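Per-chain numbering from 1; labels A, B, C, D and E assigned in written order.
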Amino acid sequence: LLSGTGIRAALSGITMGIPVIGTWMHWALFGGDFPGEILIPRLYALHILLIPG
Amino acid sequence: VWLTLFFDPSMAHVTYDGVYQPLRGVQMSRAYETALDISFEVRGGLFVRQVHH
Amino acid sequence: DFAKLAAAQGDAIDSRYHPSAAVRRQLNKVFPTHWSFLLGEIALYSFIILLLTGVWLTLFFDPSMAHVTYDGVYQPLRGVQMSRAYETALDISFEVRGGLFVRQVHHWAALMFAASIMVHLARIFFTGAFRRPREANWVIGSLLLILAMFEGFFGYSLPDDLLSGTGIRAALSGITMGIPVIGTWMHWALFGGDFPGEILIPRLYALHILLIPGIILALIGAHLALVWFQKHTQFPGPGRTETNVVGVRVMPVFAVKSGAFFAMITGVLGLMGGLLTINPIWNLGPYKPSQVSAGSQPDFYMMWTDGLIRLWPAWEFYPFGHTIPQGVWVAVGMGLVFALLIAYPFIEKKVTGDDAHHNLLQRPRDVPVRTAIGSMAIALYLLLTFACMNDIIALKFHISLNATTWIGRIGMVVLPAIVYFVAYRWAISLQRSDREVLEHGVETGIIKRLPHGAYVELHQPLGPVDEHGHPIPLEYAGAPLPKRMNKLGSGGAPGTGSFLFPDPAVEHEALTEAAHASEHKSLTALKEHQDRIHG
Amino acid sequence: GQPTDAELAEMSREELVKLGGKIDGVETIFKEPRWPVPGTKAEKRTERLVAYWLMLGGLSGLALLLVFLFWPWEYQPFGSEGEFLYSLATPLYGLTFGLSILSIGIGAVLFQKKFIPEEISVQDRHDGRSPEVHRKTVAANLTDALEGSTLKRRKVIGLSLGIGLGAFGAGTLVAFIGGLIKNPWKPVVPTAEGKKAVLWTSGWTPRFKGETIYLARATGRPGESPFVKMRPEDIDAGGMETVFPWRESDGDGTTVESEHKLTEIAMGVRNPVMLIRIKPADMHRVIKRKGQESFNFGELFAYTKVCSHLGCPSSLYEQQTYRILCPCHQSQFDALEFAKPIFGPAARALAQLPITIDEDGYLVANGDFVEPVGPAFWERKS
Amino acid sequence: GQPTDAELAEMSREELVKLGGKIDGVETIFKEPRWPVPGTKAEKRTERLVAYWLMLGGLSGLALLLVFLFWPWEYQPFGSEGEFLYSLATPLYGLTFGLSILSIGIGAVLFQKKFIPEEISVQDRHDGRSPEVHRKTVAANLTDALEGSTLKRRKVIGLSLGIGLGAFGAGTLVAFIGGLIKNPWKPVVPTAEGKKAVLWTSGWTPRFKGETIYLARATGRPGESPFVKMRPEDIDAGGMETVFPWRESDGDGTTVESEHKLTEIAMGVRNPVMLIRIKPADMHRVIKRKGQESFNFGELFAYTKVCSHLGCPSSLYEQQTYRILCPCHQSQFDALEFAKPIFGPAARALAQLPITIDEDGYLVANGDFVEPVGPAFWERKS
């Protein structure tokens, strides 16, 4: 709940706010709207493999 | 790495049906269910994720 | 002003840093230009491709066994329960532009990784590249091959699938739970419970995207560091000795050709990923314990294991209230294989007693016993691998499945022996071919002698010629010999104009004279370097 | 034998390159330009050829960009116009990408082989036993670090440090691994005779006394009523059917409570069974096990599909020869005789499920497998 | 001045250490033993102290092993005997592990502060602008590699290589990314006015004309009937309830088809709304929004819970002040006046949902939001 609302605020809201490509970046990151079913696996890949690397 | 052996990243909705009574039959993403399992179901998992954070 | 900008950047780097010495040393390092020495590079290149592809697949794959109905685009699997992992693999194949291409090239790169590791191992072994300096590089290399095989297994085991699911069921479940002391305990630790345990695929994902790739990357770094600082070994040749490296410097030539080779290998991999279909999981229904197909094979790099199980004669043992299932055998056999692979160089130096610091490779023919052993091992591996295909071999090539099984069973003892004998005699025969070339020289057209009807091959000596016709015999020096006048300066001046039209005779004459003089200068430089080295 | 403090100013590029090779022990012998004769049109042909390979790579890269951006990708149902275009979407992606990078690599190789000057550089290999000065200095440094630290004189610290590290490492590895270690023989699965370990039970283990476990056929309907009651006449002579342990409680899959009991039955690794109707003329060729002489309901024999060797399903069935073949490792069991392995890796016979018919004539398990039904493990045959 | 070919044999450990330091430019100044006086019992006691710290670390590691193996871990339900033992299971794990490794580290620090000889070694720093010989040699090597390669002379080859590399890179990057790129404005959500993009719709968008979208309350029952129709009498003056767009088709979660529609309603980001009953005494204070003058059904006002700033729920509701507060960033909207932000980052009013009562007196949305309801984005307010 805490981390979920943090995602909602930061990632969703701010990315959607960016003028030119904000909505496009939001749909690419979530593969759709905020509750997109490919968010957590993508964050897992970014967090255990990509960013630590 | 330890946490990666017990964490399932997904939003696949599932009922907990686990040890922690205050969340039983409540729809949660598989990621939350596995976080709860690490905290409660795997020995030292609460300790490991706690020291990780 | 790109020249000025480059000079300024170099000055800034060399003022903040002081790498001029190190940069020069790594730019001047000499690497032999033998084709076989590029073999290992292939694996590295393919490895890189895997990483580049693997990352792409981690942004779209959801490891899980959460049961879900597809409800996707692929009509033939709709409303069918399946793991979220299989659903996301299907979405990658169909729902992501290029996702099918990316995962196909990923699987093709995994296969090329395995095959190129295997060919590189064949090179190192037959050439004795592991013999004294570099014995560790063989051990760390042998541990890379094992990790690569298991990594590919966990990879195609990753998208929960009928074929890969039955592969997991056989190997990871049955063999693991067959191990006597801790088999069930290991099985439950690995699966967190019974075979279809709800934690398998996420754990394999962790092992396959981060853990095993990380270990492989570290081991590859160590491997390349050792090769770089244990100057790469070389084949015997004119100017090549135990105490030098003859070849090309890194920057101008070796680096450009290595980069071009990486480009060509990734082009081959992309062409395969496009034109060739690998692992069409949509045809492989979602894994169900009650479902299976006839093929039911693993990728080639693991098929030998399966083949072993097929050919092992169903031997079990039943101690007091316990049973050692026949599956155990393959594990033991697997151990032996790796146990005999990682620890080979030490066995070689124990038997031969040859612990000297060898920087010059030796031709496989020059070591008939090791060449025979390697041929025997390759024969056993091929027999096991094709035994793992005995189902398909019997189907397509009409042979009774029992006949194929028994052919493999008898072969895994007979065929290695026949191959050992044949390879030993073949290596010795190659040695004798080289020795007769040295004694007599190359061969050419036949001539009928003037007075009588004698027919003589009209040989061509490679060294000083005795007062009479026959030459002084040359002594073998461990390097290949020319067995065709083809490959010497004979009949090698075609028109330099073009494929269609000539160039002016003056230009052709100048070009051919320049190439002819350049070949003399190269050969002469090698000869003077030889003489200075020895004397 | 001097570092060339001021001579470097007038040294040419070749002289400095030779000096660097000398510093590194790398002697470049026979560095020669590939085109010593200038103005020759063979050089121009070669240059155009290299540029042609590079241009082909570039055109193929542009084609990759265009085809990826603008091509009818996306799965097209079978028989729908435009399916052919999809079938060669990924093939075009790979064709263009691979051709582009392969042509770039070919052009680079040709430039290396035809323009970059040929060299036979030879380097000084100093492999092994660093000069004795370095070896002595390293040994002295390490021995000074050890002895000067006063260790090997403080036996009490020597032993206490080792004990501390040993105890700490034991505890830490224990903490790592104990999360994974699970007892395979923890009684978890309820059974008519009390909770039992998972491997002792399958979907056919009677959860309650006199529990009616129907051999339900697995009709592959999408989600609803996946398992249906079965009746003896459904399977005709020489027919095989995969059946599962369906209960009355495990109703059809409409409800959320259901659709998971049924999913559990489907995912039950040891649940599936194969019911085979032995041809009547062949009933005189049947051989029965000890304690399994009545597991067959007339000419109906229920044998576990899970192969006794490594636990793949033994799905393949051959009538007119009565051979249950497992496709994983090509093991044949004899169905006429108790399902004992007549060929292949398997050495234990398939477990025969007791069967009968209850009221209304539906086939129902007459009990549980008298032995565990998966692949063998250490704690078996006792 | 000379490599000391044979003198190294006679050099002592200290002499060789000095020679190694000289080679590396490391001068060890003031290296002395920490205990010059032998036999003193202060040395013995410091030895004992370091050993005590190490043995304490070892005992702590052994305690970690023992507690991890044998301690009443595992979740215990609140109130159950043995819950206290669990409550300090993880604390004990961490306590023992930390004491172990911390005490080992303390012992090591004390050893190197009490026994390892103290050195003030000083090293020669050769940082910056490597000697001129190395710089010019590197420059010569690189320039020979470049010019000798004959590039910057085959303009065609250089230009073709650049074009090919650029085109291939463009194609490959497009191939990587195009998988990610999804058109946010692809009409996917069906609507009574044709398929519309997601952000233009929510659970309150009428899927067909005259559709009855009930303001159903989210009773937290475990799975079954999580949403139940609602009646105006249920909300009492100064009361707020979260309501969702429950359709008649989206029946209770009893079946499998349902319990997924209901999950969609629950997980709809813009689906949740808050229905607030304005007190009658405060009714005269209500200020309405143009085009939303009749959205309130009597004294019931439906405002989206999703904050107009970054899309957090605005769950907090203050009666007697009528302040809809968002806790993500503490933004206050005036509920009495149309739900416009009167404090905090939010700058746009919460979208008001039209409401009314249908047949049987149940509260149903009187239509969709006249404006998009989530947080603002570029393509908004047109």
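Everything that follows uses one rule, which is that a contact is a pair of C-beta atoms (placed from the backbone, for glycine too) under 8 Å apart; a residue touches a chain by one contact, two chains touch by 3 or more.
Between C-E and A-B, more contacting C-beta pairs join the chains of C-E. Averaging Cα coordinates per chain and for the whole protein, the chain whose average falls nearest the overall one is D.
Rounded to whole angstrom units, the spacing between the C-alpha centres of chain B and chain E is 17.
Annotation: 20 Å between the Cα-based centres of chain C and chain D.
Note: centroid distance chain B to chain C, computed from Cα atoms, is 42 Å.
The distance from the centre of chain D to the centre of chain E, with each centre set as the mean of the Cα atoms, comes to 32 Å.
For chain C, the set of residues touching two or more other chains reads 24, 28, 59-60, 62-63, 97-98, 101, 206, 210, 252, 256.
Multi-chain contact residues, meaning those touching two or more other chains, occur in chain D at positions 20, 23, 68, 93, 96-97, 100-101, 103-104, 107-108, 111, 116-117, 175, 178, 180, 223.
Inter-chain contacts, as defined above, occur between A-B, A-C, A-E, B-C, B-D, B-E, C-D, C-E, D-E.
Chain contact summary for the complex, chain E toward chain B: residues 68, 73-75, 77-78, 90, 93-94, 97, 220, 222-223, 263, 266.
Residues 35, 37, 39-41, 43-44, 48 of chain A are the ones touching chain B in the complex. Chain C makes touch with chain A in their complex at residues 55, 58-63, 88, 206, 209-210. Within the complex formed with chain E, the residues of chain B that make contact are 13, 15, 19-21, 24-27, 40, 43-44, 46-47, 50-51. For chain B in complex with chain D, the touching residues are 2, 5-6, 42-45, 47-48.
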